[PDB]
Amino acid sequence: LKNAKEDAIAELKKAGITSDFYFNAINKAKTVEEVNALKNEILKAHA
(Lines of atoms letter the chains of each structure in order from A; the text may use other names.)
(Lines give C-alpha, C1' and ligand atoms only; values in the text may rest on other atoms or scores of the structure.)
Protein backbone atom coordinates (compact mmCIF):
# COMPACT_ATOMS: atom_id res chain seq x y z
CA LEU A 1 0.00 0.00 0.00
CA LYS A 2 2.91 2.33 0.80
CA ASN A 3 4.75 2.64 -2.52
CA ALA A 4 1.59 2.14 -4.59
CA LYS A 5 0.24 5.53 -3.55
CA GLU A 6 3.55 7.21 -4.29
CA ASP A 7 3.72 5.64 -7.76
CA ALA A 8 0.14 6.79 -8.31
CA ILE A 9 0.88 10.37 -7.25
CA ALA A 10 4.06 10.30 -9.36
CA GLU A 11 2.14 8.97 -12.36
CA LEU A 12 -0.41 11.76 -11.88
CA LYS A 13 2.44 14.28 -11.93
CA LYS A 14 3.52 12.60 -15.17
CA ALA A 15 -0.05 12.86 -16.47
CA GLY A 16 -0.14 16.52 -15.50
CA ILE A 17 -2.22 16.48 -12.33
CA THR A 18 -0.99 19.08 -9.83
CA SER A 19 -4.19 19.34 -7.78
CA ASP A 20 -3.35 18.61 -4.15
CA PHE A 21 -7.48 16.87 -2.23
CA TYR A 22 -6.63 14.19 -4.80
CA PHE A 23 -3.16 13.58 -3.36
CA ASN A 24 -4.47 13.78 0.18
CA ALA A 25 -7.80 10.72 -1.42
CA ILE A 26 -4.77 8.75 -2.64
CA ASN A 27 -2.93 9.05 0.70
CA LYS A 28 -6.18 8.18 2.49
CA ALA A 29 -6.78 5.21 0.15
CA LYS A 30 -7.58 2.19 2.28
CA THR A 31 -6.77 -0.48 -0.31
CA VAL A 32 -4.51 -0.74 -3.39
CA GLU A 33 -7.57 -1.22 -5.61
CA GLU A 34 -8.89 2.09 -4.26
CA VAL A 35 -5.53 3.73 -5.01
CA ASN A 36 -5.70 2.47 -8.60
CA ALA A 37 -9.38 3.42 -8.81
CA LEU A 38 -8.55 6.99 -7.86
CA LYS A 39 -5.63 7.20 -10.31
CA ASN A 40 -7.60 5.68 -13.19
CA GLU A 41 -10.61 7.86 -12.41
CA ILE A 42 -8.52 11.06 -12.38
CA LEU A 43 -6.72 10.06 -15.58
CA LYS A 44 -9.91 9.11 -17.43
CA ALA A 45 -11.63 12.24 -16.09
CA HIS A 46 -8.98 14.61 -17.44
CA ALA A 47 -8.64 12.53 -20.61
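Those letters in the sequence shown? Residues 1 to 47, per the deposited numbering, in order. Every residue, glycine too, gets a C-beta built ideally from N, C-alpha and C.
Measure the Cβ-Cβ separation of residue i and residue j and say whether it is below 9 Å.
i     : j     : result
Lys14 : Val35 : no
If distances are taken between C-alpha atoms only, which option among the options comes closest to residue i?
i     : options             : result
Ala47 : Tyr22, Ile17, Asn27 : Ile17
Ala8  : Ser19, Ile26, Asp20 : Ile26
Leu1  : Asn40, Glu33, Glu11 : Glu33
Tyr22 : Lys30, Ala10, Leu38 : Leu38
Terminal residues of the continuous alpha helix (DSSP H) containing residue i?
i     : result
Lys39 : 32-46
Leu1  : From DSSP, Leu1 is part of no alpha helix (DSSP H); its letter is neither H nor E.
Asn24 : 21-24
Would you kindly work out how many angstroms separate the C-alpha atoms of residue i and residue j, rounded to a whole number?
i     : j     : result
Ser19 : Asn40 : 15 Å
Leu43 : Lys28 : 18 Å
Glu11 : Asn24 : 15 Å
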